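FYI, the numbering for the sequence shown is 18 to 200, going by this note's numbering.
Where is the CB? At the ideal position from N, CA and C, for every residue including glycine.
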Amino acid sequence: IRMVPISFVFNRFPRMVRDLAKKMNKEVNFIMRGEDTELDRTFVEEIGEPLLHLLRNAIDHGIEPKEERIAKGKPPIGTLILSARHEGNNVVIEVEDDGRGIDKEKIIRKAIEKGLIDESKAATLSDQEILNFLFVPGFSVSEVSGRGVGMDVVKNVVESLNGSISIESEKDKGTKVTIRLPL
Ligand SMILES: CC1(C)C=C(CSSP(=O)(O)OP(=O)(O)OC[C@H]2O[C@@H](n3cnc4c(N)ncnc43)[C@H](O)[C@@H]2O)C(C)(C)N1O
Numbered sequence: 018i019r020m021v022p023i024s025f026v027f028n029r030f031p032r033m034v035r036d037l038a039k040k041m042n043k044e045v046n047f048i049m050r051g052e053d054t055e056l057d058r059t060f061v062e063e064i065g066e067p068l069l070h071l072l073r074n075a076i077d078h079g080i081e082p083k084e085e086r087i088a089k090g091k092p093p094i095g096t097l098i099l100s101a102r103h104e105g106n107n108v109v110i111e112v113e114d115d116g117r118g119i120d121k122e123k124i125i126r127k128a129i130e131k132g133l134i135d136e137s138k139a140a141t142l143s144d145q146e147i148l149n150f151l152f153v154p155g156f157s158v159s160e161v162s163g164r165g166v167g168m169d170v171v172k173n174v175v176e177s178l179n180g181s182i183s184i185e186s187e188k189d190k191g192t193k194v195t196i197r198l199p200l
């Protein structure tokens, strides 16, 4: 069991982010931090596709268009950060964007409609719990893209390796997703 820098995976994404950024007419700023931290050849190879998902949404859905984005006083060029820091005995990766932000009450209104939870205990769940509703399958008939990137696939890889994904978000201030990994 042999460890190689997290550079191996991270370095692939910039080309993609640029690619994906250009498809939806959005200019983005991509920052990668902590490339030197190291994980086992296994742990690195798995997370790429999971990480790739989290990046895409930020460009795709996280970062606003210039005209609407320029209005709020935030700089016109959105910023996307992928970082890995070696803290303690756990390896944590984070992806953050200065984006629209996930509207937490939209997730709460979806859990009630679909019966995941009833409304009167909505007060029970914590903000941290609300976004976990992004992890139920099919939270997202006539038409079906035979090809589908789901959020859970990520939750799984993380859960696969004894690891915990998390989502923190603040409407119109941005969202950040975090992946803690052991050893
Ligand atoms: C109606 C909608 C959106 C659904 C589609 C199919 S949906 S399949 P999908 O894989 O896209 O669904 P996701 O499992 O990706 O969840 C995406 C859900 O989470 C939140 N969200 C996740 N990351 C976020 C981020 N960085 N910034 C802000 N919001 C984020 C989003 O507001 C969204 O509501 C298509 C593309 C046709 N379409 O126009």
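Endpoints, beta strand (DSSP E) assigned at residue i
i, result
"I196", "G191 to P199"
"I98", "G95 to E104"
"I119", "Per DSSP, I119 belongs to no beta strand (DSSP E) and is neither H nor E."
"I184", "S181 to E187"
"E111", "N107 to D114"
Same chain only: Cβ atoms within 8 Å of residue i, ignoring 5 sequence neighbours per side
i, result
"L37", "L72, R73, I76 and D77"
"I129", "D135, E136 and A139"
"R29", "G65"
Continuous alpha helix (DSSP H) stretch holding residue i: start and end
i, result
"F27", "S24 to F27"
"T54", "No alpha helix (DSSP H) holds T54; DSSP gives it neither H nor E."
"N173", "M168 to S177"
"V34", "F30 to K40"
"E146", "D144 to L148"
"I76", "Element bounds for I76: n/a, residue is neither H nor E."
"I87", "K83 to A88"
Within-8 Å CB hit, residue i to chain B
i, result
"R73", "This model lacks chain B altogether, as it is built from one protein chain only."
Close Cβ partners of residue i (< 7 Å) along its chain, the five nearest in sequence each way excluded
i, result
"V34", "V45, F47, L72, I76 and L97"
"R50", "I98 and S100"
"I125", "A139 and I147"
"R58", "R19 and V21"
"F60", "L178 and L198"
"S162", "none"
"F156", "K127 and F150"
Top-ranked residue by Cα proximity to residue i, from the options
i, options, result
"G191", "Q145, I119 and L68", "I119"
"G65", "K188, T141, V174 and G180", "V174"
"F25", "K43, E63 and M41", "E63"
"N149", "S159, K39, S162 and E122", "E122"
"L69", "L133, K91, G105 and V171", "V171"
"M168", "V153, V161, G180 and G132", "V153"
"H103", "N42, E176, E52 and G90", "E52"
"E85", "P67, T54 and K43", "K43"
Residue i beta carbon near ligand 2 (any heavy atom closer than 7 Å)
i, result
"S177", "Looking at this structure, you won't find ligand 2 anywhere; what it does contain is ligand 1."
Own chain partners of residue i with C-beta closer than 6 Å, once the 5 adjacent residues on each side are dropped
i, result
"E185", "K193"
"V108", "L56 and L198"
"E81", "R117"
Practice task
May I ask you to verify whether the region 93 to 100 touches the region 108 to 128, counting CB pairs closer than 8 Å and requiring at least 3?
Solution key: Short answer: they touch.
| field | Residue list, Cβ distance to ligand 1 heavy atoms smaller than 6 Å | value | Result: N74, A75, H78, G79, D114, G116, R117, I119, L151, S157, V166, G167, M168 and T192.
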